[PDB]
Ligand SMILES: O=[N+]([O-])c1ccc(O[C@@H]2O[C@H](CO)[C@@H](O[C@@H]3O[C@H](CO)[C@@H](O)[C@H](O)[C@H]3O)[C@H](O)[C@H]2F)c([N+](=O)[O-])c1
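Below you'll find only one chain, the form solved without this ligand, shown as structure tokens.
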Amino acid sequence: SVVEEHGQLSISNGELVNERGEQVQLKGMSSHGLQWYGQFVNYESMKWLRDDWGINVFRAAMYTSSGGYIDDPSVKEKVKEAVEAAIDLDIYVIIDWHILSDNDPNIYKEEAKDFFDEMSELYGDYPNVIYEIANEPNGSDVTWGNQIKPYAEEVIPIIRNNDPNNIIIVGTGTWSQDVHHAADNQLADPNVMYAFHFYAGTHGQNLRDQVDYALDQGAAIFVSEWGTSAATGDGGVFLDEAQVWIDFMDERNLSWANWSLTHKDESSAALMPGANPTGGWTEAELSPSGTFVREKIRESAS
């Protein structure tokens, strides 16, 4: 019913809107690296997330490096499974070319173009699909002007050749935090959004103000990844500051996906070690982070 209701999404003056031009706010979960935790991404778990949590978007995090797609492209099968599950469950789905240690998106440009050509040819006619062409550019020598914008200017046309209208999310500098630099030199494609990522235990008002600067320049922002923990991964979760960020996003109608749906023993993980991979979780199988996120999504779901 999510996609049946909103249909084709588009950007209108920086806002994500549905086919009737009404505002749409997506809230969902990101998987962790599919090469490590792909078992948690399947029809049943996505259905449980849809039905029990109220998600309306699922983010498939396909690492390029770290035993990801570059070395083992078979992980692409897991991406297809997720996309097909999303189409069957009628929710939106983000295909994330998840760069991280390969901090300049131009490292695997040729491969990214080939991957997005294939995905857009296969799924471009479905409104459910959203492309995230470079998770988190990072490093002092990777900037919007020299590396990221030119990379997007090459990948977007590849996608547009097959899919003229689905949303494309583009990463920004400093682990997708530098949305102000991007907002000052925006892409021409109308259905683009810039990624903003944060950690509730580390990022506060300064970054919120940075996000507002970007919004004030007419840029559309998708919080395609955010954690409840500290970047250090120490001290547990920080739900007080997470709630400040949730409110901030609601005021501005910002869409978001939480990191992450895994049983890994790290504060940002939504699940406890051993949690059932196909869903149907008991409250005992959810971590404090997972319990909080589930409530945020449920409490705003219809």
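Residues that one form lacks are left out of the comparison. Each form is matched to the other, and the largest set of C-alpha atoms that superpose within 1.5 Å is called the rigid core. Residue positions are given as counts along the sequence shown, with the first one as 1.
Omitted from view is the form deposited with this ligand bound, to which the following refers.
Partner contact region in the deposited bound form: 224-232, out of 224-232, 142-150, 72-80, 107-115, criterion any non-hydrogen atom within 4.5 Å of this ligand. Contact check at 4.5 Å (heavy atoms) against this ligand in the deposited bound form: none of 27, 196 and 296 pass. Contact annotation: of the candidates 36, 248, 48, 238, the single residue with a non-hydrogen atom within 4.5 angstroms of this ligand in the deposited bound form is 36.
Shown without its partner, this chain lists 215, 156, 100, 89 as candidates; in the deposited bound form, only 100 has a non-hydrogen atom within 4.5 angstroms of this ligand.
This ligand is not drawn, but in the deposited bound form it has no heavy atom within 4.5 Å of residue 128. For residue 53, no non-hydrogen atom is located within 4.5 Å of this ligand in the deposited bound form, even though that partner is not displayed. This ligand in the deposited bound form comes within 4.5 Å of a heavy atom belonging to residue 177.
Although the partner is absent here, residue 136 lies within 4.5 Å of this ligand in the deposited bound form, judged by heavy atoms. Contacts of stretch 56-76 with this ligand in the deposited bound form, defined by any heavy atom lying within 4.5 Å, are made by 63 alone. The residue that stands out in 205, 232, 74, 140 is 232, the single one whose Cα moves by 2 angstroms or more between the shown form and the other one on a rigid core fit. Fitting the two forms on their rigid core shows CA movement of 2 Å or more between the shown form and the other one over just one run of at least three residues, at 232-235.
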